[PDB]
Structure formats: structure tokens, C-alpha cells
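Protein chains: 2
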Amino acid sequence: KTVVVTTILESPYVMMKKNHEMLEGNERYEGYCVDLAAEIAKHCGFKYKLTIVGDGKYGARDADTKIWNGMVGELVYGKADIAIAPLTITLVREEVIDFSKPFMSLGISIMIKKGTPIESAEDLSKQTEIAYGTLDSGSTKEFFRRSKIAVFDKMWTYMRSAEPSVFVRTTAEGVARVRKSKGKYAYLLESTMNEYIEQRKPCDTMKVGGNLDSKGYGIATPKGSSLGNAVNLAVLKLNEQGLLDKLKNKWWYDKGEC
Amino acid sequence: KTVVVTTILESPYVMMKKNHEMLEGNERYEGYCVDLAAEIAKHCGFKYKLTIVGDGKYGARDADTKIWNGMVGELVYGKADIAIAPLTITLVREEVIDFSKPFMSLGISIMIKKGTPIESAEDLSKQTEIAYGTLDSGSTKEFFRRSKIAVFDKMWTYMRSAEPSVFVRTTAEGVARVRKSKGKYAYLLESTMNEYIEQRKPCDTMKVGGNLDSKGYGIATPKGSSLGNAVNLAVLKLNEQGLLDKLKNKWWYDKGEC
Ligand SMILES: N#Cc1cc2c(cc1[N+](=O)[O-])=NC(=O)C(=O)N=2
Ligand SMILES: N#Cc1cc2c(cc1[N+](=O)[O-])=NC(=O)C(=O)N=2
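Protein chains in written order, with my numbering: chain W, 1 to 258; chain V, 1001 to 1258.
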């Protein structure tokens, strides 16, 4: 059977090709996860159809309705067979779906406009002159919200109550706020996206300091799926062959503009 | 049943207490993995006995007998229920045992004696004045053996023919060779051990360059074990509570000597 692959439009993982209107099927897409999907399918020996997740989300469970959204939702309600995307391995997601070993490692990091006198999450917590925030929804905001660590707790206390508001609705908006605030706004996001934007024009952004936590992106399958075991081994095979580092280098640095 | 935990004497994961001769059972030992073992057992709700692996090895399929040695061997042949140690997640081990998601992320780094005019792997590859090698077996040597990357291919071509020999049989031997060779020997090893030794007296070593690859240590159980699922969730939970980072900070930097 043709395996249904759910994925998300996030650069440079899955992007629409220049002339995607002319093309059909899996040819419409390109990127890290498009290249990874091809390798995973070749190792496990299956045909696959790429599909973009309906609501354009990763996967979170609502506190009211209890309904899963995003790609996690698409796996648990049987709308897709496998999730090949930068989907963060988390406790609450691992309870409902299975993750492969991480194909990429990452952390929460600090994005600054070049020239900003900040280097550390400690620095940001000790001042206010430079504003800092996260995305208005999802993983990074939840990290600071639930953190019991002193310094991240002090940063959440500030961000809860900052005037003007410091949260942004999209990544693009967070990046634009950093670029246009003349070094007075710092943006907290996934280290992988931070280092990608650092390679985009007009090269005015910079990743600084060490990561605040340690996470991994994994490929997701449903509980008891017949693909889980082979997919897990494929990821390790591809890591030891050096293809995951070669794949990252291609989409982050070879196609880099800085 | 009392869960049999296999582990290895490797600092600072498992170490003999100053007066272990007086103490019995699990009280003889201390370290990162000792503390982690207590946390995993508390979350999963089992009693446990810490046992040091008889042959003092991590685990590899013997060349002649094809029999697994070390901690991997103790899980595969039914001697142990769980391995709590810095056991590198690799394809060949994953084919015979089950791994939790990584509790620690790391890679290959460079150890130099302070003073050595080396800052990266590229610097190393451009010269033949200062010798450099790896452990005589395991993941670090394999990476260089397989690598298609020009710089690492050039480093392997040098290493595999170097005179005198640049490979060492133990970590203690590699570390000692750096300390006794007066800036003429650099040692390639796992980043975690590198940064541990940097905090050890007499404080004459330094970690330089970014990581050359990336891998992880996992908690391991036998295939189809009922303990695997809960242990995996435990590791993720402890990472999200910030405990794995506090344990890292405790044994590396809080107890540091430099
Ligand atoms: N890249 C990336 C990202 C990957 C993400 C993400 C946010 C971002 N991001 O916008 O930076 N949130 C998630 O909950 C997730 O599973 N994976
Ligand atoms: N720490 C550590 C280490 C952990 C290791 C290791 C070597 C080292 N080392 O001494 O550098 N070899 C392995 O095969 C392994 O599974 N885990």
C-alpha cells in the first residue's frame, strides 16, 4: 500500500518548488524533509505520497476540548501513516505516538540584531532595556511558562506582563521585529530556525549564546505501527553514513546567502 | 522482582565512593548515572540493584564468536533488565536491544594540552607537526574511517598510517598522552568526556573546535521488555523538568576542580 506521509510547510524542510503549479505529487515539494523522506522510503522499501498537514500545525492537545491538532492529530485519528517533519520529541506527544531517534538536535536559542549587547539568557533576565519574547503559541512559550529554573522563571515573569507585549504570532513576525527594533528586541526560538535565518539576506541577524534546553526532532508513527521499527533503524543508518549532516549542510549553508 | 541494572565504571557516571569498602550494595557507588538510576526507578516504581558489567565494556559483537560482550551482551543474553550508562545509541546495538530517547547529546571533539596552537579539526588536518589520534576502537575511529568529507578523509589518511602509532587503547591513555607529549599530541574523543577532563586537575587540557558529528547516549533494555516504554517516558520527563541538565551541571561543573 502507498504510505501517507504528513508534513508541514516550514523552511527549509518542506518548500514549494518555483514552478509547482506545473508539477504533480511529490515533485511539487523540495527541502530537507523531502530529501529525508526519499531516503527513509528507500531504506524501508515503500512508496509514499507527501501531504501537507491540514491546519498547518505540529501537534498540541487542547486544555478544553482534549482534541489533538496538527500532524500528531493526523496520526492519532488515522488520517496519515507517518509524520516526516521537524516534530519535536516531547513527553506528551510520546504518550500518544511513537518517535524514532532524533534526526536533528536543537535547543531554544537567542536571536539578536547584529550589534546587540546580549550574549546569554542570563544577560536578558538582568535587564529590560532590550525587550525579548517568544512565539505567541506552542513549544517555546510553554517552556518558559512551565519552567522551574530560576533564570527562565524570571524571564517568564517579565514576558507575562511586558508593556508593550513581547509575543509574536508568526516566526516571520518575530524575525521582522528583531530586524526593525534597532537592537531593542531579542527573539527566543528553536536553534535550527535561528541558524537558518542567520543565513538569509540581508544578514543582519545573529545567533548568540548556548542553548537554553536540549531537544530533538523525530519521525513519528502511530502506536503499534508496522513502519516504526524500520524507520527508527533507517534514521540511525543515515546518521552513521553522514547523510543527515550532509543534508543539513546542503539546505542551511550550501544554499546560504551570507 | 528486583530489577538488575548493568552499568560501567566511567567517571563521572559511576564512581567508587571514598569509603566504599565500608559500604554495601548501591551505596558503594556515586555519580550521574547513579542519580539518574534513582530517578528512573522512582518514576517507573521499581526496586533495583546496581551491578558493574563484568568485562568493563560497553558492548560489541565479537569478531570470532559473534557473541555480544559488555552491557549490551548482559541485556541480550538475559543477565540484566536495564543498562543505565553512557551507552552510545548505534544502529548495530539498536538491532539487538531497545534504546530510550537520548538522555544526553554529544559529538566528537578535540582535546589539546593548553598552549597547543590548534583551534579546530581543519587546523589539525593542515599540518603534520602536532600528532593526533583517537581511541583504537568505537564510534570516533569509525566516523573517520567512513567519512567522505575532505578534511576528515585527510585526517583519517594520516592517522591510519602515522608513525609512531596515534591510536590509544583507553581514555586514560589518550588523556595521559596529551598531558605528557608537551603540546605534540591532540586527542579526538566524545565531547562529554572532553569537557569533564577540562574540569579535572591539574587543569592542563582544553576543549577546542565545534563538534565534528552528533550522537546520543540512551538507556537500554532488552527487546520486547515491559520496562522499555515507561523508561523512555521517564527520560523525556526528566529532560523537560530540567533535571538532566542539573545533573550534568552537578557532576561536571559544580564538582569541578578548575
Ligand atoms: N523550525 C521549527 C520549528 C519546529 C517546531 C516548532 C517550532 C518551530 N519553529 O518555528 O521554530 N514547534 C513545535 O512544536 C515542533 O514540534 N516543531
Ligand atoms: N564517556 C564516554 C564514553 C562513552 C562511550 C564510549 C567511550 C567513551 N569515552 O571514554 O570517551 N564508547 C562506547 O562505545 C560507548 O557506548 N560509550
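Where is the CB? At the ideal position from N, CA and C, for every residue including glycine.
Whole-number beta carbon distance between residue j and residue i, since they are thought to touch under 8 Å
i	j	result
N1026/V	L1050/V	5 Å
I108/W	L238/W	The Cβ separation is near 26 Å, so there is no contact.
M1193/V	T1171/V	6 Å
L233/W	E1129/V	Contact flag wrong, Cβ pair sits at about 42 Å.
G31/W	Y48/W	No, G31/W and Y48/W are not in contact; Cβ-Cβ is about 15 Å, not under 8 Å.
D81/W	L227/W	7 Å
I112/W	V208/W	6 Å
Residue i (DSSP reduced to helix, strand or coil)
i	result
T1140/V	helix
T1007/V	strand
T65/W	coil
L212/W	coil
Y158/W	helix
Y48/W	strand
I1197/V	helix
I40/W	helix
Residue closest to residue i, alpha-carbon to alpha-carbon, out of the options
i	options	result
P86/W	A131/W, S11/W and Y158/W	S11/W
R1160/V	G1133/V, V1014/V and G1138/V	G1133/V
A1038/V	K1079/V, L1244/V, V1168/V and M1022/V	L1244/V
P1102/V	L1188/V, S1226/V, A1121/V and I1219/V	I1219/V
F1099/V	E1257/V, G1224/V and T1002/V	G1224/V
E257/W	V3/W, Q199/W and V178/W	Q199/W
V1004/V	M1015/V, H1020/V and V1053/V	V1053/V
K114/W	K246/W, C203/W and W251/W	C203/W
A63/W	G138/W, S165/W, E122/W and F144/W	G138/W
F1143/V	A1060/V, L1212/V, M1022/V and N1069/V	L1212/V
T1221/V	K1154/V, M1015/V, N1069/V and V1096/V	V1096/V
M1104/V	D1254/V, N1249/V and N1019/V	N1249/V
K42/W	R177/W, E173/W, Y185/W and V231/W	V231/W
residue 259/W	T1065/V, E1190/V and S1214/V	Within the shown structure, residues of chain W are numbered from 1 to 258, placing residue 259/W beyond reach of any answer.
residue 1323/V	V1092/V, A1131/V and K1001/V	Here chain V has residues from 1001 to 1258 only, and residue 1323/V is not among them.
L106/W	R28/W, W156/W and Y196/W	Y196/W
Beta-bridge pairing of residue i - partner residues as DSSP gives them
i	result
residue 268/W	This structure does not reach residue 268/W, given that chain W is present from 1 up to 258, and the question cannot be answered.
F1167/V	Answer is none; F1167/V lacks a bridge partner.
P102/W	Its beta-bridge partners do not exist; DSSP assigns none.
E1119/V	Paired residue(s): none; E1119/V is not in a bridge.
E1030/V	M1015/V
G1218/V	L1087/V
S109/W	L189/W
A131/W	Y185/W
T1002/V	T1002/V pairs with nothing; no bridge assigned.
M206/W	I112/W
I1097/V	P1222/V
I149/W	For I149/W, which the question treats as bridged, DSSP gives no partner whatsoever.
Neighbour list for residue i in chain W, Cβ cutoff strictly below 7 Å
i	result
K1148/V	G242
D1213/V	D245
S1105/V	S105 and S214
Proximal residues of chain V, C-beta to C-beta of residue i below 9 Å
i	result
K237/W	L1091
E95/W	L1233
Closer than 8 Å at the beta carbon, the chain W residues around residue i
i	result
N1249/V	Within 8 Å Cβ-Cβ: nothing; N1249/V doesn't reach chain W, min ~11 Å.
Residue i: contacting residues in chain W (beta-carbon distance under 9 Å)
i	result
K1101/V	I89, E94, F99, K101, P102, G216 and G218
CB contact below 8 Å: residue i versus chain C
i	result
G1183/V	Of the protein chains in the structure, W and V, none is chain C.
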